[PDB]
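K.L.:
Quick one: structure below, then a few questions.
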Amino acid sequence: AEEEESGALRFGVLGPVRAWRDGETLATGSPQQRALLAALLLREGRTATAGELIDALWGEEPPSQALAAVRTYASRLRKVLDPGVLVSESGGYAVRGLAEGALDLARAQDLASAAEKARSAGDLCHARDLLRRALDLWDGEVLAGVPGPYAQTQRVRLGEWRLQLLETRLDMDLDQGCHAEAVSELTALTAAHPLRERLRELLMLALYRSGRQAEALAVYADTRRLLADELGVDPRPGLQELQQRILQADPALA
DNA sequence: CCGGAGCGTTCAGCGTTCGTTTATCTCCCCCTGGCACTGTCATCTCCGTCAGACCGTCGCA
């Protein structure tokens, strides 16, 4: 609310496709139109040619004469957004005029870099506040209802980035002395995603000092059974090592 | 001692809305066409290979 300046046009990709024009919404339109606007939004303002956008929306088999289709999608964007916010060069399309804080993705990289800098500087309160602001950026599933295998690619990429971001958040929560909300979040995420080894290692680390041992190794045994049933291999050596040092109960990491 | 309301699932009515095309309206581009005092033949290479052919040429005998 403190960064809501006059004339600000805010764009959002981490949650669904929406536009905020000084507090009032804009109709982003068709799902393919939403995917087109998102594809322009991921490229931080390239002039990207018509064939590349056609491939981004659809992939291997776009209809043959659908170049005029993308043309009229561009017309839709130009009449629903500002005339000058979208400009065309040599047949390519480009959204400019994006200030700081206009895109939630740019704010996400900014907050991640600030958290990394604070971790390098050894600060904890400012980094915790930065990642608290960062976890409020995503709203539900990223890229809600957009077609295209391209959109699937940045969907899985942003999901993986969110996974490492929450891994770092939970890790600093564990090292600074937070366990209750930590184990709550880890249990919720392992309920959501059952086949991540790193989050279950985080479960072991969090429960190891919060006063919980039986269900931690029960969850580990369930992980071993599912990983043997679905993969039939052995887990990472760092895991077995973490369970090992746990077993002799070293109070060094208290 | 089967009834009932509530609950799960499964499909047809209509109502808007995306998916995909089309011609119309600015803007730029590109090829052809037009210049009506007179002004009517430029240009500077190329040398201190180099060696001995190999050749046809070509005027003299």
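All residue names refer to the structure tokens as shown: chains lettered A, B, ... in order, residues numbered from 1 in each chain, ligands numbered from 1 in order.
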Would you mind listing, as a PyMOL selection string, all residues of chain B that have at least one atom within 12 Å of chain A, where only C-alpha atoms (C1' of nucleotides) are what counts?

P.N.:
chain B and resi 17-22+28

K.L.:
Pick out the residues sitting within 9 Å of residue A:16, and hand them over as JSON, numbers by chain; count only C-alpha atoms (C1' of nucleotides), and ignore anything fewer than 4 positions along from it in its own chain.

P.N.:
{"A": [12, 138, 139, 140, 141, 142, 143, 144, 145]}

K.L.:
So that I can see what lies close to residue A:254, please list as a list in words the residues with an atom at most 12 Å from it, counting only C-alpha atoms (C1' of nucleotides) and leaving out residues fewer than 5 positions away in the same chain.

P.N.:
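Everything that qualifies: residues 174, 175, 176, 177, 205, 206, 208, 209, 210 and 249 of chain A.
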
K.L.:
Please dump the current selection as a tab-separated table (two decimals), in the first residue's frame; keep C-alpha atoms.

P.N.:
chain	number	residue	atom	x	y	z
A	174	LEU	CA	15.44	-23.62	11.65
A	175	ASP	CA	18.81	-21.95	12.19
A	176	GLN	CA	17.37	-18.82	13.84
A	177	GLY	CA	15.26	-20.80	16.32
A	205	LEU	CA	16.27	-31.49	10.89
A	206	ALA	CA	13.23	-29.65	12.26
A	208	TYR	CA	15.23	-33.56	15.47
A	209	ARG	CA	15.46	-30.51	17.77
A	210	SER	CA	11.75	-29.77	18.33
A	249	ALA	CA	22.31	-37.77	19.22

K.L.:
Check the smallest atom-to-atom distance from each of A:91, A:168, A:54, A:188 to residue A:149 using only C-alpha atoms, then report the winner.

P.N.:
A:54

K.L.:
Identify all residues of stretch 7-220 of chain A in strand (DSSP E) (DSSP on the backbone) and supply them as a list in words.

P.N.:
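Going through stretch 7-220 of chain A, the strand (DSSP E) residues come out as residues 9, 10, 11, 12, 18, 19, 20, 21, 24, 25, 86, 87, 88, 89, 92, 93, 94 and 95 of chain A.
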
K.L.:
Please report the interatomic distance between atom CA of residue A:218 and atom CA of residue A:252 in Å with one decimal.

P.N.:
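According to the coordinates, atom CA of residue A:218 and atom CA of residue A:252 are separated by 24.3 Å.
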
K.L.:
Please, what distance in Å, to one decimal, runs between atom CA of residue A:240 and atom CA of residue A:220?

P.N.:
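Computing it gives 10.1 Å between the two atoms.
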
K.L.:
By how many Å are atom CA of residue A:190 and atom CA of residue A:227 apart?

P.N.:
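Between atom CA of residue A:190 and atom CA of residue A:227 the gap works out to 14.2 Å.
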
K.L.:
Considering only C-alpha atoms, can you say which of A:131, A:17, A:178, A:195 comes closest to residue A:41?

P.N.:
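That would be A:17, the residue with the smallest distance to residue A:41.
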